[PDB]
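Peer 1: take these chains first, placed just as they are in the complex:
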Amino acid sequence: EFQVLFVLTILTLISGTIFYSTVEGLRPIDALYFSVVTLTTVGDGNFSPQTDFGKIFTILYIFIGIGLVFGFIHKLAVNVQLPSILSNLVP
């Protein structure tokens, strides 16, 4: 479960990285950063896509990727972080 969610998140992020570095001309790391803050709904305070293609893609990217990214964060904290803490609270 966590593995599949992990793999799906990676693939989604790779897709955004390729798109923004190609269409919006961002350096790869910046495209990855934008993809991450966008899907986690944190938001980027400086960059906004400048092309109409970038705007449409971002809109679709958001609706399709948010559910996945949060499903991953949800399990990452509940089934991988909670225990390491919970079992650690045991005297």
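Peer 2: Thanks, I have the structure now. Numbers count the residues shown, from 1 in each chain, chains lettered A, B, ... in the order given.

Peer 1: now the residue most central in space within chain A: closest residue in space that isn't a chain neighbour?
Peer 2: Closest to where the C-alpha atoms of chain A average out (C-alpha atoms, centre = their mean) is residue A:36, at 3.8 Å. In space, residue A:36 comes closest to residue A:13 once its chain neighbours are excluded; the distance is 6.5 Å by C-beta to C-beta, 6 or more residues apart in numbering. Just so you know, the C-beta spots here come from the backbone N, C-alpha and C atoms, and that holds for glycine as well.

Peer 1: shouldn't the one you found be in contact with residue A:35?
Peer 2: Yes: the pair residue A:13 / residue A:35 is scored as a contact, 5.4 Å apart, by C-beta atoms under 8 Å.

Peer 1: residue A:43 contacts residue A:37, correct?
Peer 2: Yes: the criterion here is C-beta under 8 Å, and residue A:43 meets it with residue A:37 at 5.8 Å.

Peer 1: quick one: which of the two has more around it?
Peer 2: Of the pair residue A:43 and residue A:37, residue A:37 is the one with more neighbours under other C-beta atoms under 10 Å, namely 14 against 10.

Peer 1: from residue A:87, how far off is that one?
Peer 2: As for residue A:37, its distance to residue A:87 is 32 Å (criterion: C-beta to C-beta, to the nearest Å).

Peer 1: can you pull out the residues in contact with the strand or helix carrying residue A:9?
Peer 2: Here residue A:9 is covered by helix A:2-23, with elements defined by DSSP states H and E. Helix A:2-23 is contacted from outside by A:26-28, A:30-32, A:34-36, A:38-39, A:49, A:51, A:53-54, A:57, A:61, A:64-65, A:68-69, A:71-72, A:75-76, A:79-80, using C-beta atoms under 8 Å, 6 or more residues apart in numbering.

Peer 1: now it: buried residues?
Peer 2: Residues A:5, A:9, A:12, A:13, A:16, A:17, A:19, A:20, A:21 are the ones in helix A:2-23 that count as buried (16 or more other C-beta atoms under 10 Å).

Peer 1: while you're at it, add chain B from this line:
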Amino acid sequence: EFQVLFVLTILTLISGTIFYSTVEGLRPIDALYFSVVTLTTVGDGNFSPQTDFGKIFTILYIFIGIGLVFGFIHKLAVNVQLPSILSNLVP
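Peer 2: Chain B goes in next, on the same frame as the chains above:
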């Protein structure tokens, strides 16, 4: 369910698109982009409504539209994305 949620989301987004392109003078695609990043809580890093009418509308737009948009994203991933993946994990 997913259909109704889909239709309701579209109508909400169309409303924002019309409002911002008319009151804030944004190009239609930009008004749609702003409506989308606002309701998904991602946020726009460059634009903020400039008129008092735009600010009040955005405030009300947020409170009324967030619940809907996320109800749609929730089902879009759970009742339309999960299966295509779940049934796909079956050897």
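
Peer 1: chain B added, so what about the buried residues of helix A:2-23 now?
Peer 2: Neighbour-count burial for helix A:2-23, counted by 16 or more other C-beta atoms under 10 Å in any protein chain shown, picks out A:5, A:8, A:9, A:12, A:13, A:16, A:17, A:19, A:20, A:21.

Peer 1: near chain B, list only the ones from these.
Peer 2: residue A:8 (C-beta under 8 Å from any C-beta of the partner chain).

Peer 1: name the nearest of the buried residues of helix A:2-23 relative to chain B.
Peer 2: The nearest member of the buried residues of helix A:2-23 to chain B, counting by C-beta to the nearest C-beta, is residue A:8 at 7.2 Å.

Peer 1: now do the closest one against residue B:84, distance only.
Peer 2: 11 Å.

Peer 1: residue A:44 now?
Peer 2: Taking C-beta to C-beta, one finds residue A:44 at 29 Å from residue B:84.

Peer 1: then residue A:13?
Peer 2: On the measure of C-beta to C-beta, residue A:13 and residue B:84 end up 19 Å apart.

Peer 1: just the element for residue A:48, please.
Peer 2: Here residue A:48 is assigned to no helix or strand, by DSSP H and E.

Peer 1: dihedrals phi and psi, the nearest residue to it once chain neighbours are set aside?
Peer 2: Leaving aside its chain neighbours, residue A:48 sits nearest to residue B:46 (4.6 Å; criterion: C-beta to C-beta, 6 or more residues apart in numbering or on different chains). Dihedral pair for residue B:46: phi -120, psi -40, per degrees, to the nearest 10.

Peer 1: go on, the one 5 residues further on?
Peer 2: According to degrees, to the nearest 10, the main-chain angles of residue B:51 amount to phi -100, psi 160.

Peer 1: what's around it, how many residues?
Peer 2: 11 (other C-beta atoms under 10 Å in any protein chain shown).

Peer 1: now swap in residue A:42 and tell me
Peer 2: 12.

Peer 1: assign it to helix, strand or coil.
Peer 2: coil (DSSP: H, G, I helix; E, B strand; the rest coil).

Peer 1: gap between it and residue B:73?
Peer 2: Relative to residue B:73, and taking C-beta to C-beta, residue A:42 is found at 16 Å.

Peer 1: chain C comes next; put it on the structure above:
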Amino acid sequence: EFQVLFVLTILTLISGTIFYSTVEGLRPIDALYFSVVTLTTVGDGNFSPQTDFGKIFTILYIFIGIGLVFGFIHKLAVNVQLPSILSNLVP
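Peer 2: Chain C, in position alongside the others:
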């Protein structure tokens, strides 16, 4: 329930409005706008508090107000929006 949540949200927003218009010198409507986009986690693309007092308050404002604001949005859509739609889907 919805009434109490409504009243609590209003009081929280009034507090932010007074704080930002006084300490950060924002026009009242702008202080209200900032308070709203901050507590709904949408975020403001142009303004960030400039004083250390504004930064500390915003930090505490966020932790205390997000839960409330979303509890209100949750009920606003589930116990006030769902029905108006659900009962409306009945032929």
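
Peer 1: the neighbour count of residue A:42 with chain C there, same question as before?
Peer 2: 14.

Peer 1: contact partners for it?
Peer 2: A:36, B:42 (C-beta atoms under 8 Å, 6 or more residues apart in numbering or on different chains).

Peer 1: tell me the residues of chain A that contact chain B?
Peer 2: By the rule C-beta under 8 Å from any C-beta, the part of chain A lying against chain B is A:4, A:8, A:38, A:41-49, A:52, A:55-56, A:58-59, A:62-64, A:66-68, A:71.

Peer 1: just the buried subset of those, written out for PyMOL, thanks.
Peer 2: The following PyMOL line selects those of these that are buried, judged by 16+ other C-beta under 10 Å:
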select buried, chain A and resi 8+38+41+43+44+45+47+48+49+55+58+59+62+63+64+66+67+68+71
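
Peer 1: for chain A, what's the longest helix?
Peer 2: In chain A, taking DSSP state H as the definition, the longest helix is helix A:52-78.

Peer 1: in chain A, which residue sits nearest chain B?
Peer 2: residue A:67 (2.7 Å).

Peer 1: pretty sure that residue contacts residue B:78?
Peer 2: Yes: using C-beta under 8 Å, residue A:67 makes contact with residue B:78 at a distance of 7.4 Å.

Peer 1: ok, now which ones touch residue A:57?
Peer 2: Counting by C-beta under 8 Å, 6+ apart, residue A:57 makes contact with A:19, A:23, A:49.

Peer 1: excluding its backbone neighbours, what's nearest whichever residue of chain A sits closest to chain C?
Peer 2: Distances between chain A and chain C by C-beta to the nearest C-beta are smallest at residue A:43, namely 5.2 Å. Distance criterion C-beta to C-beta, 6+ apart; nearest residue to residue A:43, sequence neighbours excluded, is residue B:43 at 3.7 Å.

Peer 1: returning to what we had before: could you check the angle the helix holding residue A:9 makes with helix A:52-78?
Peer 2: 160 degrees (axes from the mean of the first three to the mean of the last three C-alpha atoms, to 10 degrees).
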